[PDB]
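For reference, the structure is listed below as structure tokens.
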Amino acid sequence: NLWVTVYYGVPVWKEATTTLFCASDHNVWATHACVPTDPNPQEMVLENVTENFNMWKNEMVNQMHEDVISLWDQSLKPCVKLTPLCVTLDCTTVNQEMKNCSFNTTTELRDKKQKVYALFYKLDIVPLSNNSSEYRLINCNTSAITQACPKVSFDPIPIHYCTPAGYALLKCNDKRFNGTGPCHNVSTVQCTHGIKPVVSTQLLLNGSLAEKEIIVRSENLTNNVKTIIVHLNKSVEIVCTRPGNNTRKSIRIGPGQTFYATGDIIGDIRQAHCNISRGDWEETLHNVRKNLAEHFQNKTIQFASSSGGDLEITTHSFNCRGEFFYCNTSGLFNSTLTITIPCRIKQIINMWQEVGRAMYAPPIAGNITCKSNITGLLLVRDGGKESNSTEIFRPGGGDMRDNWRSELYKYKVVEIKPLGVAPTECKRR
Amino acid sequence: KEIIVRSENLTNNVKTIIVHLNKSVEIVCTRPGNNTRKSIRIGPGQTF
Amino acid sequence: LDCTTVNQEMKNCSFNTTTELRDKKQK
Amino acid sequence: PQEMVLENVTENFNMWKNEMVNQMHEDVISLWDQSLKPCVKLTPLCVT
Amino acid sequence: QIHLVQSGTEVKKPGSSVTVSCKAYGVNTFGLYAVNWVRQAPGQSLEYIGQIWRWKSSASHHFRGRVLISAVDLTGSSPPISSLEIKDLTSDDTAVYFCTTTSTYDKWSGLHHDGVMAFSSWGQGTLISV
Amino acid sequence: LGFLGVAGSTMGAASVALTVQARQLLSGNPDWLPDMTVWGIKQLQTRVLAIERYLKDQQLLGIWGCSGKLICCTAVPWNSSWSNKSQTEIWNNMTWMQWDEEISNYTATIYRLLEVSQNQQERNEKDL
Amino acid sequence: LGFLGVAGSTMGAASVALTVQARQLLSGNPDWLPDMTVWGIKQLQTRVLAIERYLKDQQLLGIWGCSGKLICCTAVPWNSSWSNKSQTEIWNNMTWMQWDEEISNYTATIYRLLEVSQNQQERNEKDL
Amino acid sequence: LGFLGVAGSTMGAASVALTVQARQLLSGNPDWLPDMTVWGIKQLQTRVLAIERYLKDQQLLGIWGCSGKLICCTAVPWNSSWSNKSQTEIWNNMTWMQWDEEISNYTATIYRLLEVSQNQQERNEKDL
Amino acid sequence: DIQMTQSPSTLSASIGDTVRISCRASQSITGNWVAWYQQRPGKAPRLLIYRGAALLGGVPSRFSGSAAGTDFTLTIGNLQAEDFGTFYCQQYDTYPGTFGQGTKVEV
Ligand SMILES: *[C@@H]1O[C@H](CO)[C@@H](O[C@@H]2O[C@H](CO)[C@@H](O[C@@H]3O[C@H](CO[C@H]4O[C@H](CO[C@H]5O[C@H](CO)[C@@H](O)[C@H](O)[C@@H]5O[C@H]5O[C@H](CO)[C@@H](O)[C@H](O)[C@@H]5O)[C@@H](O)[C@H](O[C@H]5O[C@H](CO)[C@@H](O)[C@H](O)[C@@H]5O)[C@@H]4O)[C@@H](O)[C@H](O[C@H]4O[C@H](CO)[C@@H](O)[C@H](O)[C@@H]4O[C@H]4O[C@H](CO)[C@@H](O)[C@H](O)[C@@H]4O[C@H]4O[C@H](CO)[C@@H](O)[C@H](O)[C@@H]4O)[C@@H]3O)[C@H](O)[C@H]2NC(C)=O)[C@H](O)[C@H]1NC(C)=O
Ligand SMILES: *[C@@H]1O[C@H](CO)[C@@H](O[C@@H]2O[C@H](CO)[C@@H](O[C@@H]3O[C@H](CO[C@H]4O[C@H](CO)[C@@H](O)[C@H](O)[C@@H]4O)[C@@H](O)[C@H](O[C@H]4O[C@H](CO)[C@@H](O)[C@H](O)[C@@H]4O)[C@@H]3O)[C@H](O)[C@H]2NC(C)=O)[C@H](O)[C@H]1NC(C)=O
Ligand SMILES: *[C@@H]1O[C@H](CO)[C@@H](O[C@@H]2O[C@H](CO)[C@@H](O[C@@H]3O[C@H](CO)[C@@H](O)[C@H](O[C@H]4O[C@H](CO)[C@@H](O)[C@H](O)[C@@H]4O)[C@@H]3O)[C@H](O)[C@H]2NC(C)=O)[C@H](O)[C@H]1NC(C)=O
Ligand SMILES: *[C@@H]1O[C@H](CO)[C@@H](O[C@@H]2O[C@H](CO)[C@@H](O[C@@H]3O[C@H](CO)[C@@H](O)[C@H](O[C@H]4O[C@H](CO)[C@@H](O)[C@H](O)[C@@H]4O)[C@@H]3O)[C@H](O)[C@H]2NC(C)=O)[C@H](O)[C@H]1NC(C)=O
Ligand SMILES: *[C@@H]1O[C@H](CO)[C@@H](O[C@@H]2O[C@H](CO)[C@@H](O[C@@H]3O[C@H](CO)[C@@H](O)[C@H](O)[C@@H]3O)[C@H](O)[C@H]2NC(C)=O)[C@H](O)[C@H]1NC(C)=O
Ligand SMILES: *[C@@H]1O[C@H](CO)[C@@H](O[C@@H]2O[C@H](CO)[C@@H](O[C@@H]3O[C@H](CO)[C@@H](O)[C@H](O)[C@@H]3O)[C@H](O)[C@H]2NC(C)=O)[C@H](O)[C@H]1NC(C)=O
Ligand SMILES: *[C@@H]1O[C@H](CO)[C@@H](O[C@@H]2O[C@H](CO)[C@@H](O)[C@H](O)[C@H]2NC(C)=O)[C@H](O)[C@H]1NC(C)=O
Ligand SMILES: *[C@@H]1O[C@H](CO)[C@@H](O[C@@H]2O[C@H](CO)[C@@H](O)[C@H](O)[C@H]2NC(C)=O)[C@H](O)[C@H]1NC(C)=O
Ligand SMILES: *[C@@H]1O[C@H](CO)[C@@H](O[C@@H]2O[C@H](CO)[C@@H](O)[C@H](O)[C@H]2NC(C)=O)[C@H](O)[C@H]1NC(C)=O
Ligand SMILES: *[C@@H]1O[C@H](CO)[C@@H](O[C@@H]2O[C@H](CO)[C@@H](O)[C@H](O)[C@H]2NC(C)=O)[C@H](O)[C@H]1NC(C)=O
Ligand SMILES: *[C@@H]1O[C@H](CO)[C@@H](O[C@@H]2O[C@H](CO)[C@@H](O)[C@H](O)[C@H]2NC(C)=O)[C@H](O)[C@H]1NC(C)=O
Ligand SMILES: *[C@@H]1O[C@H](CO)[C@@H](O[C@@H]2O[C@H](CO)[C@@H](O)[C@H](O)[C@H]2NC(C)=O)[C@H](O)[C@H]1NC(C)=O
Ligand SMILES: *[C@@H]1O[C@H](CO)[C@@H](O)[C@H](O)[C@H]1NC(C)=O
Ligand SMILES: *[C@@H]1O[C@H](CO)[C@@H](O)[C@H](O)[C@H]1NC(C)=O
Ligand SMILES: *[C@@H]1O[C@H](CO)[C@@H](O)[C@H](O)[C@H]1NC(C)=O
Ligand SMILES: *[C@@H]1O[C@H](CO)[C@@H](O)[C@H](O)[C@H]1NC(C)=O
Ligand SMILES: *[C@@H]1O[C@H](CO)[C@@H](O)[C@H](O)[C@H]1NC(C)=O
Ligand SMILES: *[C@@H]1O[C@H](CO)[C@@H](O)[C@H](O)[C@H]1NC(C)=O
Ligand SMILES: *[C@@H]1O[C@H](CO)[C@@H](O)[C@H](O)[C@H]1NC(C)=O
Ligand SMILES: *[C@@H]1O[C@H](CO)[C@@H](O)[C@H](O)[C@H]1NC(C)=O
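Residue numbers (the authors' numbering), protein chains in the order written: chain A, 33 to 57, 66 to 135, 152 to 309, 312 to 320, 320A, 321 to 354, 356 to 394, 412 to 504; chain B, 268 to 309, 312 to 317; chain C, 129 to 135, 152 to 171; chain D, 81 to 128; chain E, 0 to 129; chain F, 520 to 547, 554 to 557, 565 to 660; chain G, 520 to 547, 554 to 557, 565 to 660; chain H, 520 to 547, 554 to 557, 565 to 660; chain I, 0 to 106.
Have a look at this one:
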């Protein structure tokens, strides 16, 4: 009558987690840490299938964060260390954003010392005593400084995460997807689109734009501590620079280990600053405000500057040609032809929020200028029922993973079970 | 069951004899003091 | 190590060593 | 070892674009480096 | 972690409409989490009033055209909400109504089928008399 | 069609073009990684695990007598207690996902039966 | 005889000794390299790649109606738009290398036709 | 009965449960040691070696026409020179280990005869 | 529609005893697809077992379920300390679902 029949190739999938690799179309990503390849990609559109998605527990972002940290560490380790720099620095006025400091170091011969001098930003300097003229670097008691490695480039490049054999990626193509819920238009792929691992705070930069209109997403809107990601459809133009003409000196601190520092500054004292197109910014603030009014009832929405705190979390942060800019955005998010914001810069950068590791970025010789697109915002709701009329939002940083969720929220990883059994009229074998 | 005696060559006199017991014996022991853990900054984050 | 009595199985030893600043010493 | 003689074939050789030599070269330097790394380093001899 | 707060007891003269509210504390959204309304009268027979699932609302045959089930997603000042509305009430509708929420993300867990499902979380129920 | 193109199609349609799904299981990345990387070891782990899974599935197929058959036909009767639904209903108004979910409890035992059946057959093939 | 000793022989003579070539795609693997160096990773490199290639070839054979057979007669007619030579000329005055070179443009089409023919045969068998 | 449970059983009784022995050749541990350790390299080596050994055994079986079979009839005559014992004594009095002991010198010849026999059979398949 | 019937209607019990409640369906349920619930007087129902014989978390390990072709049996073994109230058998094979009449347990 009815007999069993086994089928190989049955299209059924489970939810699963795996080690996804990456691919790219000197630089750490391009020539290390995953393969260079980009053949004709295979994208297909499934029919009559609905798939559930929730971006707020997805192992893609954890894997990407771990890979980014590991790659940066592996890049930093195989070159110069800065243990002899942690000495007493005699600092004086430049003769206002820097200080001229002289200090004693070793040389090519261990029985001889040398006197050298360099310019240092005061954000990289800590005093030793109130009634004294002694100074040291920030991370000389809490970590060990490693110099950013001059021949390698810390420039983001597009990267594609790719699934191994026996796995697949499902992509939600539904317009205006907020990351949680069913998906009625699903596609299958093997490799994600171009993802640029850019690290920034308070302003998402160089990202893919929303398809139709602004998308607002958070893990829990009712909670206030959680970050709110805003994904715009119109990119904003932000171009900015350190214009001061610098010159870097090479200091021999040992047998072949050279330490580069700000040898001198020439020209007029000009401050590093960021320009943003003002009219586009006003338009995008209006669009974000009236879009976010939907999720928050009839209560009015106000924007205010970031609360006081550490420079890393309070100020917007980014990197340009290796120079680390901390910009005070106290006028961008101040609401209810060009807008200019101040930008300090820092050399001893202690990112990844770990301890015992810190990096020193040598200054580029000439001035630095670079242009980019603001493609998203990270906003934080202020807690407390101070008023029942207006709800005020602030710039917000927090976990670095939020910088990548906006690019990885369409994707799901699924395992394939190819073996099935079914009854059929076939008997003979 | 009971005590086991092992040796890869018992007639040799320079080879270890292993004795496996069937009843465990109780040994409890201690350093009964009060030593405070002094921390010294050896270098940049190194602590002794 | 400059060692003296405990003031019987230990000795009280003082020594010079490095510190956070490489150009300074501590006792 | 196994060696067999191909009777009726004719093969084109070019010794100047053979990857065998490059692979051997890379192995030689890598091996020498990993041999000289795990022991004494003459950092304090650089004196007057 | 997951709680369901329901409206208060309210007794009405027969011949009017009634609304009942269910408030889901801890539910991220009504995607991945289906809401099912059930009834329990004296006689201790649990029925099945209706559901909202995948933003589609449906009701059983005994109540088609009689009950409207609505839902509003997570907002800033209010967790997800669901609501029963009975247009007309007879003498036999006196009962305690229960709101239930069931996770629908796994797609392989045994707690749900494509349309009919068990009830993982239960509210405290609203008593209605006529 | 393409890989997993027939997910929404019913089982009758999915019976065609199983070869795309079968062939996708072994396609891989010809390139590899340079030395001294945990990334390389993770990649090696992943692909060795993939090979092991494929080999296990193929061996399980072979023990049942379907060494090189995608749609082979065994000789085990289908107990109605496993899943008692009409042939037309199963092959015309149901996807493979719903089917695999609805017979999840009875899968393991079914496998054992297949084993025994083939073994019996093999023994008879030497006793006849 | 040897591994490739029939390289210069015509295909008719070469068809008799395919076992040696088939066997050497897997044998010859030595013991392991104890050191965790670049060399060990490159060994693991090459041998996992070899396993993947062999499994791919075997799967290609098995999807076709040629599982477990070194020589296999399929049921796809030989389109004359492909190589059009007399059987005597093919099997007595031509080596395998020249034959593979001449028909290089039609290999993908031949493989696809073999795939669809075997799928049709399996469907017919299950339906008849 | 479980794995290696039929070691003491005679050859006749042991043939009933070869699947239990066969299946354990692939079962393993899917986890991994993620610490760049030499332990991870050694584990990955032993797993690749196991895969290679299994694949070699399957290839050797397939060369003899017994690809999808655990018990297979090969149709090559049994030379009385390599073993001359009564069928009852072989199948009801000797364990498999003693059997492999008493024909140790002759396994290579048996294997070569098997491969030549299938080569002849495959050639005749297209000859006639 | 699919109906069910539970048995026994009511049973006495005691501390440490093992009890069994069997619900039978009007149609054989291919999958397990049956759920077991508790309900104390004046409280809300609590899901005990789903998928025939799957045990949730927090619920004690003493509960067990057996799924035959048509008859489903809930085994509450080793009634410890506090006794229980009303037990319920529910099916979710076809739409709409249906609950059983219910059984009561007492000391
Ligand atoms: C992330 O992104 C996601 C998308 O990417 C996003 O998803 C979106 O979520 C929102 C949730 O906020 C969804 O919007 C809601 O949708 C709900 C579901 O609505 C469906 O069902 C109703 C009802 O349909 C039944 O009845 C009609 C009657 O004609 C029949 O026609 C139907 O067939 C059906 O009848 C069957 O079922 C009955 C049982 O229920 C049986 O009795 C019957 O016999 C049948 O079997 C439909 O009307 C809806 O259709 C509407 O839209 C289509 C679109 O084509 C129109 O054609 C159609 O005409 C309708 O307009 C839909 O199918 C809604 O319930 C919900 O509505 C509430 O909110 C809106 C907006 O604020 C209000 O205007 C509305 O009045 C509702 O508010 C009431 O309910 C709340 C509940 O708390 C109360 O608080 C509120 O005060 C108000 O209550 C008042 O009215 C009650 C009566 O209604 C009364 O009882 C009360 O007492 C009080 O007076 C809302 O629209 C949206 O669809 C999703 N988007 C999708 C799916 O694309 C997600 O949110 C994002 N996440 C986050 C965190 O942001
Ligand atoms: C968002 O995305 C934008 C993309 O445009 C990024 O901006 C680009 O950033 C890259 C890297 O910082 C810039 O590329 C660099 O430009 C330098 C200056 O170029 C001028 O000078 C050279 C001198 O020859 C001219 O040829 C050139 O035409 C320009 O006039 C180069 O000097 C850099 O060279 C690098 O590579 C060489 C390779 O040999 C090395 O030797 C160098 O040392 C150096 O490493 C490099 O080409 C690019 O110009 C930027 N574009 C724009 C439009 O500004 C943003 O940085 C990004 N934002 C964030 C936050 O990531
Ligand atoms: C998103 O963030 C919001 C907060 O902004 C968060 O809402 C909170 O959820 C918890 C969990 O349900 C709520 O705590 C409960 O609130 C109810 C309200 O009536 C109380 O009755 C509960 O107390 C009973 O239950 C407790 C055990 O759970 C007993 O210990 C207690 O004695 C009572 O019997 C319980 O306190 C909390 O009230 C809300 N807060 C707000 C402001 O709504 C929501 O859960 C977050 N979402 C996610 C998915 O995490
Ligand atoms: C365990 O340890 C014991 C020692 O406590 C050890 O016993 C020793 O074994 C050696 C084995 O060679 C004995 O040496 C032999 O003694 C005999 C006694 O007559 C001699 O005839 C032998 O001489 C011949 O062989 C020599 C080469 O070995 C020739 O040079 C010579 O010309 C003869 O041809 C030889 O000396 C030794 O006497 C004992 N000693 C004792 C105390 O028993 C025992 O072997 C160890 N067990 C194992 C398993 O190793
Ligand atoms: C940072 O401080 C150091 C130490 O004071 C400065 O180095 C010294 O700077 C002085 C003043 O510019 C130089 O003196 C000049 O020397 C020339 C030599 O021809 C002499 O003709 C001038 O009259 C004047 O005295 C001195 O040479 C220089 N020494 C060294 C070793 O650099 C340094 O300039 C300061 N940096 C900045 C940016 O101000
Ligand atoms: C039919 O198949 C389903 C699916 O396997 C069976 O449900 C399974 O039941 C077991 C035993 O109750 C569950 O194991 C338990 O898991 C929980 C998870 O928290 C754990 O805490 C317990 O200690 C126990 O290990 C298993 O999870 C559950 N499966 C799923 C997917 O939830 C069901 O029992 C089967 N019906 C039969 C055999 O009649
Ligand atoms: C469902 O999603 C697919 C995939 O994004 C859509 O198909 C694409 O549509 C865009 C324009 O809308 C084309 O440029 C692409 O070439 C299409 N790709 C494929 C594979 O078809 C499709 O339009 C969506 N359909 C609906 C109803 O939303
Ligand atoms: C980006 O998205 C915004 C948000 O919708 C778009 O703004 C809309 O512009 C149209 C113009 O006809 C108005 O009718 C809508 O009311 C606007 N929507 C909102 C929410 O304000 C904007 O047009 C989009 N820009 C691009 C380039 O796609
Ligand atoms: C950023 O914008 C500022 C403001 O327009 C530019 O600075 C001006 O430059 C012009 C000539 O270059 C001067 O006449 C003005 O006095 C400057 N104003 C200020 C406030 O500095 C600056 O050049 C812009 N920078 C970039 C990189 O675009
Ligand atoms: C960023 O800059 C703004 C102004 O450019 C700072 O705000 C000023 O704060 C001081 C006190 O520290 C007040 O006296 C001023 O009135 C503020 N300015 C205005 C326009 O109101 C802000 O403190 C800066 N933040 C950081 C982190 O540097
Ligand atoms: C452990 O093993 C010893 C043997 O060494 C046991 O002691 C024996 O006890 C029996 C009692 O029937 C006596 O006849 C023997 O003379 C004892 N042997 C010795 C050497 O004294 C002892 O009872 C065992 N203990 C346990 C807990 O198993
Ligand atoms: C080990 O045993 C000794 C001997 O009993 C213990 O030392 C005695 O402790 C008691 C009080 O606890 C004193 O009154 C005696 O004077 C101690 N005698 C000696 C010789 O020390 C000791 O406390 C035990 N230690 C442990 C860890 O069990
Ligand atoms: C910035 O946006 C413009 C507008 O489309 C685009 O042409 C340009 O490529 C973008 N640049 C980056 C770095 O994303
Ligand atoms: C906004 O900017 C104006 C002028 O730039 C300033 O007067 C005002 O204090 C600012 N408000 C906030 C909240 O920063
Ligand atoms: C430095 O400034 C000059 C003008 O002051 C400008 O032309 C040049 O582009 C700047 N340098 C860089 C690297 O952009
Ligand atoms: C050891 O010293 C600490 C120091 O605060 C004290 O609290 C503790 O009681 C001492 N222990 C003994 C056993 O004296
Ligand atoms: C999807 O379903 C519709 C009707 O249910 C059918 O016509 C269509 O062929 C289906 N698509 C696929 C890919 O099976
Ligand atoms: C090589 O070619 C000659 C030509 O006559 C032929 O006799 C000989 O058998 C060939 N060798 C092989 C190995 O086929
Ligand atoms: C193939 O060759 C034969 C000669 O045997 C010839 O008759 C026929 O026309 C050829 N076909 C084509 C398509 O050239
Ligand atoms: C062991 O040998 C005895 C013969 O005395 C036999 O009866 C028994 O069945 C054997 N056991 C197994 C497991 O083969």
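Idealized CB from N, CA, C, for every residue including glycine.
Query                                                                                                                  : Result
Chain H contact residues for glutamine 591(F), given Cβ-Cβ distances below 9 angstroms                                 : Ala541, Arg542, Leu544, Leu545, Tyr586 and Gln590
Closer than 5 angstroms to ligand 15: residues, by C-beta to nearest heavy atom, in chain order                        : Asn442(A) and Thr444(A)
Within the region 90-126 of chain E, ranges of the beta strand (DSSP E) (whole runs, at least 3 residues)              : 94-102
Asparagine 92(A) - partner residues in DSSP beta bridges                                                               : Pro238(A)
Under 8 angstroms from the C-beta of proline 124(D): neighbouring residues of chain A                                  : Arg166
Outcome for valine 134(C) when other beta-carbon atoms lying within 10 angstroms are tallied against a minimum of 16   : exposed
Contacts that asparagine 554(F) makes with chain A (C-beta to C-beta distance below 9 angstroms)                       : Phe53, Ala55, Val75, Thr77, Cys218, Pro220 and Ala221
Beta-carbon proximity of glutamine 360(A) to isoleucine 467(A), cut-off 7 angstroms                                    : yes
Contact test: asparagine 386(A) Cβ vs ligand 14 heavy atom, cutoff 6 angstroms                                         : no
Neighbourhood of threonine 627(H) by C-beta, 6 angstroms cutoff - its chain only, sequence neighbours within 5 removed : none
Coil, strand or helix - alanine 58(E) by DSSP                                                                          : strand
Cβ contact (3+ pairs, closer than 8 angstroms) linking the region 24-41 of chain E and the region 2-10 of chain E      : yes
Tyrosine 173(A) Cβ short of 6 angstroms to ligand 5 heavy atom set                                                     : yes
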